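Input: a single structure, listed below in structure tokens.
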Amino acid sequence: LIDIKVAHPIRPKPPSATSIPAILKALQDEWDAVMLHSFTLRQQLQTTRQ
Amino acid sequence: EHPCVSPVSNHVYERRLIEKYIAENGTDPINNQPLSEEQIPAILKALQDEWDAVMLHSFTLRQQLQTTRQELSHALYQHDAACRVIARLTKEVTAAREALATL
Amino acid sequence: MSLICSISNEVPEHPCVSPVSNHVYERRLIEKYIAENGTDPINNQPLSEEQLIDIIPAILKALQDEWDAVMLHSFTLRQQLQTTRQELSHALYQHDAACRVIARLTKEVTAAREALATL
Amino acid sequence: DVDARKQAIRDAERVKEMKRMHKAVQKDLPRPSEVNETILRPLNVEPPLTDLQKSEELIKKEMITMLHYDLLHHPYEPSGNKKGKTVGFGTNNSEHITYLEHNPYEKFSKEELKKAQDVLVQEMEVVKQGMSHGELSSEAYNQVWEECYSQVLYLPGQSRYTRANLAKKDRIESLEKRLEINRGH
Amino acid sequence: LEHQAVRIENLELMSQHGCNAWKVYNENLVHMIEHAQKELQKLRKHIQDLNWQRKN
Amino acid sequence: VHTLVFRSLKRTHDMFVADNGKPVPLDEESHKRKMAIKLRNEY
């Protein structure tokens, strides 16, 4: 593996909503969205079988 | 366009330009080491940085608090002495007054 | 063995040791510290990063409570810093007052000594 | 032609003036926006005061006049109220001046302050040994002060500060008030 | 209260710098779209070049 | 000896009873340093 050290332009999404309680609230929702997304892949793959 | 990275400067290049430079110089454009011609997460990072800034804040506050508290600590034992001098002087001024009261 | 980072005062995830202080730092914190400060936190001697030798919701509820737990300590450390400053301001105030009362009484002692010398 | 040199002298005396001003002003430390006048005890206090206890009342009255002198000359703000909204700076300086008019602050010289400080240091040396409590480390002082800080709680009805072990329901009621203060901010 | 203190501290930076940073980030999305459209136009051309090979 | 330290706190805290209605404002220096760190994370 060849390392990269380019800096990140990565940006909040948005900052105006965010605070420590609100980050954890938003993170949970994104967590649920990811688990919905990953399980959709399971569903999709299962569907492509048929 | 093309996927290539110098493994010694860890920097991202377009294959036309880096092979041009290596052919002339024999070396890397960003650190001049040799290189051969062939060669949720945003939220979690932010929340880590939220923790990070508070810890640096916490040390700074600890440093500032302890700096003041050291100076304060010396004054406390001296504070009781301060009341004693005025007490002593109130007795001495009384003694001097009574010598003046005599006559 | 277990260690403590000297900035956090908590266990480092990924520790690095300043030879300028012989003591353990959590790399992402100290490099970010060095970015502004350029100096060793322990003693304000100059320091640079290369010198640093390297070495579900219930979970988020637990994380939130521990996040709040830091904030408990955060107000406390701020308030104790204010209180020690408020003590120091008062203690100098009473010391300066103590000097002025003793100056008042030194003036009293001076006048009384002169008045007894008059006799 | 000489007058340019004279101006330098005039400003140098202003430095000396600031040296006469109190150490808390010189360090620009926090100063209280109003003065707790209730702190003064009558001389009519019925158990006969030791000169030590008399000394506290002398310090208290002097410090209040110094505070009023500071509220006249050097009133305190931490951060400038302006930025959130233009809060009017309506401190009634006249009231503190009025106290000063009744209770004249003696403008002690730098010499008198120095002489008093020298006398203090000689007594402070002797009392440090004579009380014989030694020197704690600052680390030990941290433990003692944090013990003091966690013990100490304000009881509004007594109008005095107290240790919670010395002070239950009123202690809870002050926690209610303490939390209420946080709600207000 | 400290959560509000940290919040209000964040808003100070976000007012001045966040306006510029939003503009820079929105540009970066356009740059992703420009690279994607270039690759799409490469791909659509290549598919239609293949179709001309098929048809001939 | 411990009471002597408390006595210092007690004397100080009485004066602030008049002041006590006001907030717990941030130390400017650490706040500015942190904001510098924060902005450096924004860039």
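Labels for the structure tokens follow display order: chains A, B, ..., residues from 1 in each chain, ligands from 1.
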
Could you tell me which residues of chain B sit within 9 Å of chain D when counting only C-alpha atoms, and give me the result as a list in words?
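Putting it all together, I get residues 66, 69, 70, 73, 77, 78, 79, 80, 81, 82, 83, 84, 85, 86, 87, 88, 89, 90 and 91 of chain B.
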
Contacts of residue D:96 at 9 Å (only C-alpha atoms; same-chain gap of 6+ positions) as a PyMOL selection string
chain D and resi 65+67-69+71-72

Skip residue C:37 itself and residues of its chain fewer than 3 positions away, then list as a PyMOL selection string all residues within 10 Å of it, counting only C-alpha atoms.
(chain C and resi 30-34+40-41+44+46-48) or (chain F and resi 33)

Dump as JSON lines the rows for residues of chain B within 8 Å of chain C: closest atom pair and distance in Å with one decimal, only C-alpha atoms counted, ordered by chain and rising residue number.
{"residue": "B:52", "atom": "CA", "partner": "C:29", "partner_atom": "CA", "distance": 6.3}
{"residue": "B:55", "atom": "CA", "partner": "C:8", "partner_atom": "CA", "distance": 5.4}
{"residue": "B:56", "atom": "CA", "partner": "C:7", "partner_atom": "CA", "distance": 6.7}
{"residue": "B:58", "atom": "CA", "partner": "C:74", "partner_atom": "CA", "distance": 7.1}
{"residue": "B:59", "atom": "CA", "partner": "C:7", "partner_atom": "CA", "distance": 5.7}
{"residue": "B:61", "atom": "CA", "partner": "C:77", "partner_atom": "CA", "distance": 7.0}
{"residue": "B:62", "atom": "CA", "partner": "C:77", "partner_atom": "CA", "distance": 7.2}
{"residue": "B:64", "atom": "CA", "partner": "C:81", "partner_atom": "CA", "distance": 7.4}
{"residue": "B:65", "atom": "CA", "partner": "C:81", "partner_atom": "CA", "distance": 4.8}
{"residue": "B:68", "atom": "CA", "partner": "C:85", "partner_atom": "CA", "distance": 6.6}
{"residue": "B:69", "atom": "CA", "partner": "C:84", "partner_atom": "CA", "distance": 5.9}
{"residue": "B:71", "atom": "CA", "partner": "C:88", "partner_atom": "CA", "distance": 7.9}
{"residue": "B:72", "atom": "CA", "partner": "C:88", "partner_atom": "CA", "distance": 5.5}
{"residue": "B:75", "atom": "CA", "partner": "C:91", "partner_atom": "CA", "distance": 7.0}
{"residue": "B:76", "atom": "CA", "partner": "C:91", "partner_atom": "CA", "distance": 7.7}
{"residue": "B:79", "atom": "CA", "partner": "C:95", "partner_atom": "CA", "distance": 7.1}
{"residue": "B:82", "atom": "CA", "partner": "C:98", "partner_atom": "CA", "distance": 6.3}
{"residue": "B:83", "atom": "CA", "partner": "C:98", "partner_atom": "CA", "distance": 7.5}
{"residue": "B:85", "atom": "CA", "partner": "C:102", "partner_atom": "CA", "distance": 7.6}
{"residue": "B:86", "atom": "CA", "partner": "C:102", "partner_atom": "CA", "distance": 6.2}
{"residue": "B:89", "atom": "CA", "partner": "C:105", "partner_atom": "CA", "distance": 6.7}
{"residue": "B:90", "atom": "CA", "partner": "C:105", "partner_atom": "CA", "distance": 7.7}
{"residue": "B:92", "atom": "CA", "partner": "C:109", "partner_atom": "CA", "distance": 7.9}
{"residue": "B:93", "atom": "CA", "partner": "C:109", "partner_atom": "CA", "distance": 6.2}
{"residue": "B:96", "atom": "CA", "partner": "C:112", "partner_atom": "CA", "distance": 6.2}
{"residue": "B:97", "atom": "CA", "partner": "C:112", "partner_atom": "CA", "distance": 7.1}
{"residue": "B:99", "atom": "CA", "partner": "C:116", "partner_atom": "CA", "distance": 7.7}
{"residue": "B:100", "atom": "CA", "partner": "C:116", "partner_atom": "CA", "distance": 6.7}

Any idea which chain A residues end up within 12 Å of chain F if we count only C-alpha atoms, as a count of residues only please?
7

Check chain C with DSSP on the backbone and list each residue it calls strand (DSSP E or B), as a PyMOL selection string.
chain C and resi 15-18+23-26+39+46+53-54
